[PDB]
file coords05.pdb (PDB, C-alpha atoms and all ligand atoms)
MODEL        1
ATOM      1  CA  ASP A   1     -28.611  -2.981  53.594  1.00  0.00           C
ATOM      2  CA  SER A   2     -27.492  -0.978  50.527  1.00  0.00           C
ATOM      3  CA  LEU A   3     -24.468  -0.745  48.188  1.00  0.00           C
ATOM      4  CA  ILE A   4     -21.019  -0.862  49.780  1.00  0.00           C
ATOM      5  CA  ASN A   5     -18.940  -0.492  46.651  1.00  0.00           C
ATOM      6  CA  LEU A   6     -19.852   2.601  44.655  1.00  0.00           C
ATOM      7  CA  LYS A   7     -17.232   2.723  41.875  1.00  0.00           C
ATOM      8  CA  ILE A   8     -14.682  -0.098  41.915  1.00  0.00           C
ATOM      9  CA  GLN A   9     -14.658  -2.408  38.868  1.00  0.00           C
ATOM     10  CA  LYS A  10     -18.412  -2.165  38.326  1.00  0.00           C
ATOM     11  CA  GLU A  11     -18.163  -4.209  35.095  1.00  0.00           C
ATOM     12  CA  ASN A  12     -17.139  -7.117  37.342  1.00  0.00           C
ATOM     13  CA  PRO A  13     -20.184  -8.892  38.851  1.00  0.00           C
ATOM     14  CA  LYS A  14     -18.174 -10.001  41.903  1.00  0.00           C
ATOM     15  CA  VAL A  15     -14.826  -8.477  42.769  1.00  0.00           C
ATOM     16  CA  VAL A  16     -12.643 -11.196  44.268  1.00  0.00           C
ATOM     17  CA  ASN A  17      -8.920 -10.715  44.748  1.00  0.00           C
ATOM     18  CA  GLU A  18      -6.460 -13.563  45.235  1.00  0.00           C
ATOM     19  CA  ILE A  19      -3.261 -13.060  47.235  1.00  0.00           C
ATOM     20  CA  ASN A  20      -0.354 -15.537  46.963  1.00  0.00           C
ATOM     21  CA  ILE A  21       0.835 -15.548  50.557  1.00  0.00           C
ATOM     22  CA  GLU A  22       4.206 -17.071  49.588  1.00  0.00           C
ATOM     23  CA  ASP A  23       5.096 -13.916  47.697  1.00  0.00           C
ATOM     24  CA  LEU A  24       4.209 -11.206  50.236  1.00  0.00           C
ATOM     25  CA  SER A  25       7.009  -8.652  49.564  1.00  0.00           C
ATOM     26  CA  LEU A  26       6.454  -6.620  52.707  1.00  0.00           C
ATOM     27  CA  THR A  27       6.646  -7.757  56.305  1.00  0.00           C
ATOM     28  CA  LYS A  28       3.161  -6.094  56.811  1.00  0.00           C
ATOM     29  CA  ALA A  29       0.568  -5.144  54.163  1.00  0.00           C
ATOM     30  CA  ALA A  30      -2.832  -3.490  54.549  1.00  0.00           C
ATOM     31  CA  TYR A  31      -5.712  -4.571  52.385  1.00  0.00           C
ATOM     32  CA  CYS A  32      -8.858  -2.566  51.935  1.00  0.00           C
ATOM     33  CA  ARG A  33     -12.252  -3.623  53.276  1.00  0.00           C
ATOM     34  CA  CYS A  34     -14.037  -0.150  52.549  1.00  0.00           C
ATOM     35  CA  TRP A  35     -14.071  -0.118  48.811  1.00  0.00           C
ATOM     36  CA  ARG A  36     -12.911   3.518  48.948  1.00  0.00           C
ATOM     37  CA  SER A  37      -9.169   3.120  48.393  1.00  0.00           C
ATOM     38  CA  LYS A  38      -7.728   4.746  45.315  1.00  0.00           C
ATOM     39  CA  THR A  39      -5.193   1.855  45.358  1.00  0.00           C
ATOM     40  CA  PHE A  40      -7.711  -0.945  45.880  1.00  0.00           C
ATOM     41  CA  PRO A  41      -7.180  -3.776  46.818  1.00  0.00           C
ATOM     42  CA  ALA A  42      -4.567  -2.062  49.004  1.00  0.00           C
ATOM     43  CA  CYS A  43      -5.678   0.217  51.845  1.00  0.00           C
ATOM     44  CA  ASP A  44      -4.643   3.862  51.290  1.00  0.00           C
ATOM     45  CA  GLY A  45      -6.309   5.227  54.444  1.00  0.00           C
ATOM     46  CA  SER A  46      -9.529   6.282  52.715  1.00  0.00           C
ATOM     47  CA  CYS A  47     -11.227   4.257  55.448  1.00  0.00           C
ATOM     48  CA  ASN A  48     -10.372   6.988  57.914  1.00  0.00           C
ATOM     49  CA  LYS A  49     -12.053   9.644  55.758  1.00  0.00           C
ATOM     50  CA  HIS A  50     -15.154   7.520  55.377  1.00  0.00           C
ATOM     51  CA  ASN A  51     -15.261   6.848  59.105  1.00  0.00           C
ATOM     52  CA  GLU A  52     -14.927  10.528  59.967  1.00  0.00           C
ATOM     53  CA  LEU A  53     -17.687  11.636  57.569  1.00  0.00           C
ATOM     54  CA  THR A  54     -20.165   8.880  58.350  1.00  0.00           C
ATOM     55  CA  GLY A  55     -19.388   7.739  61.874  1.00  0.00           C
ATOM     56  CA  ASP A  56     -18.435   4.275  60.576  1.00  0.00           C
ATOM     57  CA  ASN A  57     -15.617   2.149  61.979  1.00  0.00           C
ATOM     58  CA  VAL A  58     -14.285   0.134  59.064  1.00  0.00           C
ATOM     59  CA  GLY A  59     -10.649  -0.726  58.625  1.00  0.00           C
ATOM     60  CA  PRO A  60      -8.200  -2.917  56.726  1.00  0.00           C
ATOM     61  CA  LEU A  61      -6.996  -6.491  56.936  1.00  0.00           C
ATOM     62  CA  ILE A  62      -3.324  -6.460  57.890  1.00  0.00           C
ATOM     63  CA  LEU A  63      -1.241  -9.388  56.625  1.00  0.00           C
ATOM     64  CA  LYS A  64       1.923 -10.213  58.551  1.00  0.00           C
ATOM     65  CA  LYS A  65       4.677 -12.586  57.400  1.00  0.00           C
ATOM     66  CA  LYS A  66       7.575 -14.166  59.375  1.00  0.00           C
TER      67      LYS A  66
ATOM     68  CA  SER B   1     -24.156   6.037  54.862  1.00  0.00           C
ATOM     69  CA  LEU B   2     -22.541   3.123  56.657  1.00  0.00           C
ATOM     70  CA  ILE B   3     -20.611   0.209  55.196  1.00  0.00           C
ATOM     71  CA  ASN B   4     -20.421  -1.797  58.421  1.00  0.00           C
ATOM     72  CA  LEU B   5     -23.860  -2.099  59.990  1.00  0.00           C
ATOM     73  CA  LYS B   6     -23.261  -4.544  62.862  1.00  0.00           C
ATOM     74  CA  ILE B   7     -19.650  -5.604  63.481  1.00  0.00           C
ATOM     75  CA  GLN B   8     -18.069  -4.409  66.731  1.00  0.00           C
ATOM     76  CA  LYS B   9     -19.657  -0.954  66.546  1.00  0.00           C
ATOM     77  CA  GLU B  10     -18.138  -0.182  69.973  1.00  0.00           C
ATOM     78  CA  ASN B  11     -14.689  -0.490  68.339  1.00  0.00           C
ATOM     79  CA  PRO B  12     -13.383   2.847  66.988  1.00  0.00           C
ATOM     80  CA  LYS B  13     -11.855   1.122  63.961  1.00  0.00           C
ATOM     81  CA  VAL B  14     -12.099  -2.586  63.199  1.00  0.00           C
ATOM     82  CA  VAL B  15      -8.688  -3.775  62.010  1.00  0.00           C
ATOM     83  CA  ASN B  16      -7.787  -7.447  61.883  1.00  0.00           C
ATOM     84  CA  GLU B  17      -4.256  -8.768  61.672  1.00  0.00           C
ATOM     85  CA  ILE B  18      -3.496 -12.142  60.135  1.00  0.00           C
ATOM     86  CA  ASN B  19      -0.341 -14.059  60.968  1.00  0.00           C
ATOM     87  CA  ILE B  20       0.444 -15.788  57.685  1.00  0.00           C
ATOM     88  CA  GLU B  21       2.047 -18.796  59.410  1.00  0.00           C
ATOM     89  CA  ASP B  22      -1.289 -19.662  61.077  1.00  0.00           C
ATOM     90  CA  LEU B  23      -3.078 -20.194  57.738  1.00  0.00           C
ATOM     91  CA  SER B  24      -3.204 -23.924  57.052  1.00  0.00           C
ATOM     92  CA  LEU B  25      -5.463 -24.090  54.016  1.00  0.00           C
ATOM     93  CA  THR B  26      -4.663 -23.585  50.359  1.00  0.00           C
ATOM     94  CA  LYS B  27      -7.278 -20.826  50.359  1.00  0.00           C
ATOM     95  CA  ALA B  28      -8.925 -18.742  53.044  1.00  0.00           C
ATOM     96  CA  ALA B  29     -11.523 -16.130  52.101  1.00  0.00           C
ATOM     97  CA  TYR B  30     -11.638 -12.967  54.191  1.00  0.00           C
ATOM     98  CA  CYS B  31     -14.664 -10.723  54.201  1.00  0.00           C
ATOM     99  CA  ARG B  32     -14.735  -7.318  52.534  1.00  0.00           C
ATOM    100  CA  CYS B  33     -18.496  -6.821  52.892  1.00  0.00           C
ATOM    101  CA  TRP B  34     -18.998  -6.659  56.699  1.00  0.00           C
ATOM    102  CA  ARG B  35     -21.968  -9.068  56.410  1.00  0.00           C
ATOM    103  CA  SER B  36     -20.211 -12.326  57.335  1.00  0.00           C
ATOM    104  CA  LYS B  37     -21.377 -14.145  60.457  1.00  0.00           C
ATOM    105  CA  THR B  38     -17.766 -15.397  60.766  1.00  0.00           C
ATOM    106  CA  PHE B  39     -16.146 -11.992  60.237  1.00  0.00           C
ATOM    107  CA  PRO B  40     -13.256 -11.445  59.519  1.00  0.00           C
ATOM    108  CA  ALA B  41     -13.701 -14.697  57.525  1.00  0.00           C
ATOM    109  CA  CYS B  42     -15.950 -14.713  54.461  1.00  0.00           C
ATOM    110  CA  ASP B  43     -18.993 -17.013  54.804  1.00  0.00           C
ATOM    111  CA  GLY B  44     -20.527 -16.168  51.418  1.00  0.00           C
ATOM    112  CA  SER B  45     -22.915 -13.540  52.827  1.00  0.00           C
ATOM    113  CA  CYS B  46     -21.457 -11.304  50.096  1.00  0.00           C
ATOM    114  CA  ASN B  47     -23.507 -13.140  47.493  1.00  0.00           C
ATOM    115  CA  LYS B  48     -26.946 -12.497  49.003  1.00  0.00           C
ATOM    116  CA  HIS B  49     -25.825  -8.955  49.766  1.00  0.00           C
ATOM    117  CA  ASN B  50     -24.974  -8.480  46.100  1.00  0.00           C
ATOM    118  CA  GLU B  51     -28.224 -10.075  44.975  1.00  0.00           C
ATOM    119  CA  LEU B  52     -30.387  -7.949  47.232  1.00  0.00           C
ATOM    120  CA  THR B  53     -28.540  -4.616  46.963  1.00  0.00           C
ATOM    121  CA  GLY B  54     -27.195  -4.687  43.403  1.00  0.00           C
ATOM    122  CA  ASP B  55     -23.601  -4.661  44.646  1.00  0.00           C
ATOM    123  CA  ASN B  56     -20.560  -6.602  43.387  1.00  0.00           C
ATOM    124  CA  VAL B  57     -18.337  -7.077  46.408  1.00  0.00           C
ATOM    125  CA  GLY B  58     -16.386 -10.192  47.243  1.00  0.00           C
ATOM    126  CA  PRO B  59     -13.626 -11.460  49.502  1.00  0.00           C
ATOM    127  CA  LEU B  60      -9.871 -11.340  49.612  1.00  0.00           C
ATOM    128  CA  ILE B  61      -8.681 -14.919  49.105  1.00  0.00           C
ATOM    129  CA  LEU B  62      -5.399 -15.713  50.866  1.00  0.00           C
ATOM    130  CA  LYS B  63      -3.743 -18.589  49.017  1.00  0.00           C
ATOM    131  CA  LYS B  64      -1.042 -20.785  50.497  1.00  0.00           C
ATOM    132  CA  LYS B  65       0.776 -23.828  49.101  1.00  0.00           C
ATOM    133  CA  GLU B  66       3.915 -25.914  49.492  1.00  0.00           C
TER     134      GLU B  66
HETATM  135  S1  LIG C 101      -8.712   2.385  52.369  1.00  0.00           S
HETATM  136 FE1  LIG C 101     -10.290   0.845  52.586  1.00  0.00          FE
HETATM  137  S2  LIG C 101      -9.829  -0.219  54.508  1.00  0.00           S
HETATM  138 FE2  LIG C 101      -8.323   1.455  54.377  1.00  0.00          FE
HETATM  139  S1  LIG C 102     -19.064 -12.723  53.475  1.00  0.00           S
HETATM  140 FE1  LIG C 102     -18.218 -10.693  53.189  1.00  0.00          FE
HETATM  141  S2  LIG C 102     -16.904 -10.867  51.408  1.00  0.00           S
HETATM  142 FE2  LIG C 102     -17.887 -12.868  51.574  1.00  0.00          FE
ENDMDL
END

call {"tool": "encode", "arguments": {"input": "coords05.pdb", "output": "structure tokens"}}
result
Amino acid sequence: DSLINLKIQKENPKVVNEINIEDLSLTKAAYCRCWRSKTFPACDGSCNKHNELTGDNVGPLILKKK
Amino acid sequence: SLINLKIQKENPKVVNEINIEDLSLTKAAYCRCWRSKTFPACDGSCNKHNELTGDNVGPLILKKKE
């Protein structure tokens, strides 16, 4: 095991994001689980770049309403 | 260097979809560290990860209420 998050909110000892499900604007939203997104906590597809470089297989949580 | 060490490594890209209507609790933590034994749920494995590796990752908390 080693660091997952390299640069996101490093002054925060534990980065936890709350989502109010009742207010989901979109029908489907992608949330980041690679800590590489430039729009974290949203997924911006940086996962794919990480996966290609490293051979990893990480991907987002997709939230669907309705 | 990998983020996900163990979860479904045969899967080209691990993406989980959550149907909002199936969440019954006022909060449900979802893992962003790839260490949970209940992945995609968070089981608090993030904490020991952070303690041992010097990281600061934590879950996405999906909150629901009447
Ligand atoms: S940018 Fe991180 S999961 Fe897609
Ligand atoms: S167990 Fe992974 S974020 Fe909590």

call {"tool": "interface_residues", "arguments": {"input": "coords05.pdb", "of": "chain B", "to": "chain A", "cutoff": "7 Å", "atoms": "all atoms listed in the file", "output": "tab-separated table (two decimals) with C-alpha atoms, in the frame of the given file"}}
result
chain	number	residue	atom	x	y	z
B	1	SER	CA	-24.16	6.04	54.86
B	2	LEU	CA	-22.54	3.12	56.66
B	3	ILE	CA	-20.61	0.21	55.20
B	4	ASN	CA	-20.42	-1.80	58.42
B	9	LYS	CA	-19.66	-0.95	66.55
B	11	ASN	CA	-14.69	-0.49	68.34
B	12	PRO	CA	-13.38	2.85	66.99
B	13	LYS	CA	-11.86	1.12	63.96
B	14	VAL	CA	-12.10	-2.59	63.20
B	15	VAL	CA	-8.69	-3.78	62.01
B	16	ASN	CA	-7.79	-7.45	61.88
B	17	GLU	CA	-4.26	-8.77	61.67
B	18	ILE	CA	-3.50	-12.14	60.14
B	19	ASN	CA	-0.34	-14.06	60.97
B	20	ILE	CA	0.44	-15.79	57.68
B	32	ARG	CA	-14.74	-7.32	52.53
B	53	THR	CA	-28.54	-4.62	46.96
B	54	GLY	CA	-27.20	-4.69	43.40
B	55	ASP	CA	-23.60	-4.66	44.65
B	56	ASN	CA	-20.56	-6.60	43.39
B	57	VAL	CA	-18.34	-7.08	46.41
B	58	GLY	CA	-16.39	-10.19	47.24
B	59	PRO	CA	-13.63	-11.46	49.50
B	60	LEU	CA	-9.87	-11.34	49.61
B	61	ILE	CA	-8.68	-14.92	49.10
B	62	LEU	CA	-5.40	-15.71	50.87
B	63	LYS	CA	-3.74	-18.59	49.02
B	64	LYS	CA	-1.04	-20.78	50.50

call {"tool": "residues_near_ligand", "arguments": {"input": "coords05.pdb", "ligand": "ligand LIG 102 (chain C)", "cutoff": "9 Å", "atoms": "only C-alpha atoms and all ligand atoms", "output": "NGL selection string"}}
result
(:A and (16 or 33)) or (:B and (29-47 or 49 or 57-60))

call {"tool": "atom_distance", "arguments": {"input": "coords05.pdb", "atom1": "atom CA of residue 42 of chain A", "atom2": "atom CA of residue 26 of chain A"}}
result
12.5 Å

call {"tool": "atom_distance", "arguments": {"input": "coords05.pdb", "atom1": "atom FE2 of ligand LIG 101 (chain C)", "atom2": "atom CA of residue 21 of chain B"}}
result
23.3 Å

call {"tool": "axis_aligned_box", "arguments": {"input": "coords05.pdb", "around": "ligand LIG 101 (chain C)", "padding_each_side": "8 Å", "output": "lines of an AutoDock Vina configuration file"}}
result
center_x = -9.3
center_y = 1.1
center_z = 53.4
size_x = 18.0
size_y = 18.6
size_z = 18.1
